[PDB]
């Protein structure tokens, strides 16, 4: 059967975002179709699907009308769902008219997909934009198997209650044949809502996935943590070891140690707290001054949204304060760059960084954490400092796990990472590489597809 991937964001045919990276890694091996938004917005006219073969993948993409982009994507998806599911009800905005457009765009996108389907296609929908998609497909006569994978956290039921149409969203989720979440706590939160807010049931099974009964429907649900190709990232990082970015980075640092971060400039990424803990490191450790620099690559994301403009402004003021307090004529403590980089360049740079600094307030998985570890030279690997609220913390035992709210704790982790002896750095890296290898992105895809077809 042909695998049909459905997502809002489709890989570029460099972009920051782990969905596009991970889905493309999975899809290029099996081949199939990738259907979704082209990334373009129309002021007038009519969107038209564009079908194009790129090796084993068929891309089927379509623009959004401005009104659809505003209501479905900027509106309900990123002004309601994204903040709510990342435990930011304070940033949640809700507009009934945007929620209706969100529902309408899902139905319109499903209508665009129907003519391309075949009887034995297997449909795999990805992420929070497309929660109503199975319901729309079924209403359009579609009988294929349909699975869903949520890339972002599934919030605690009490937090989900802040989304006014929470019940309609969860009922729509129950039209899927199979629901996949990143981690066990995500699945637990879903089941907690089903049992305690939807009057349904969630039962274990010998097969693996739970059986869900709710809203008159029966379906399955399980956790499938998205992974990477760790040995592929290692070879990529090694192949850049004599490239210009690594060579100029080395020259600029001239023997100073490097703390490195790579994050869309999203309020979910805890970047203000991250900067404050680097500042706290410098306040308390005079020996670290002029001996380390912090590279934060923070590409623009969703920049036409006030909330993203706000977090950008806050972070830029942080960099100015901290640099102003601690800089010397030959030392800039924080190297803040508000631009996207090629993933191949980031891998090469990860391999030169003594510390990978990944401290999101909430994160469904965080591929950057897995990429940082994968890039390391096993003869001399750096240390991952990792938020306990990143989904990757459930499996990456060799990281230094921190609570991003605890500024002192994060600064102490930075000091511990910078001074960690080789033997322990290697032991942690070795353990994590085993985990990443056994639970790579091919295994993830095979596991979900096995459950969806069974």
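Numbering follows the first chain given and starts at 1.
Q. Relative to the deposited sequence, how many residues with no modelled coordinates occur between residue 13 and residue 14 (none, 1 to 3, 4 to 9, 10 or more)?
A. 4 to 9 residues are missing.
(Q) Please compare 396-404 with 382-390 and name the stretch with the higher mean C-alpha B-factor in the deposited structure. (A) Averaging CA B-factors over each stretch, the winner is 396-404.
Q | Average Cα temperature factor in the PDB entry - higher stretch of 124-132, 107-115 | A | Comparing 107-115 with 124-132, the higher mean C-alpha B-factor belongs to 107-115.
Q | From 310, 241, 168, 363, residue of greatest CA B-factor | A | Highest CA B-factor of the listed options: 241.
(Q) By the CA temperature factor listed in this entry, which of these ranks top: 185, 209, 356, 75? (A) Out of 185, 209, 356, 75, the record gives the largest C-alpha B-factor to 209.
**Q.** Where the record places residue 377 (Cα B-factor, split into thirds across the chain)
**A.** Answer is highest: the recorded C-alpha B-factor places it there.
(Q) Quick check for you: using the entry's CA B-factors within this chain, is residue 423 in the lowest, middle or highest third? (A) Highest third, going by the recorded CA B-factors of the chain.
Q) For residue 255, does the deposited CA B-factor place it in the lowest, middle or highest third of the chain? A) Top third by C-alpha B-factor.
Q) If you rank the chain by CA B-factor, which third does residue 84 end up in: lowest, middle or highest? A) CA B-factor rank for residue 84: lowest third.
Q: Could you tell me which third, lowest, middle or highest, the C-alpha B-factor of residue 317 occupies within its chain?
A: As the PDB entry reports it, the C-alpha B-factor of residue 317 lands in the lowest third of its chain.
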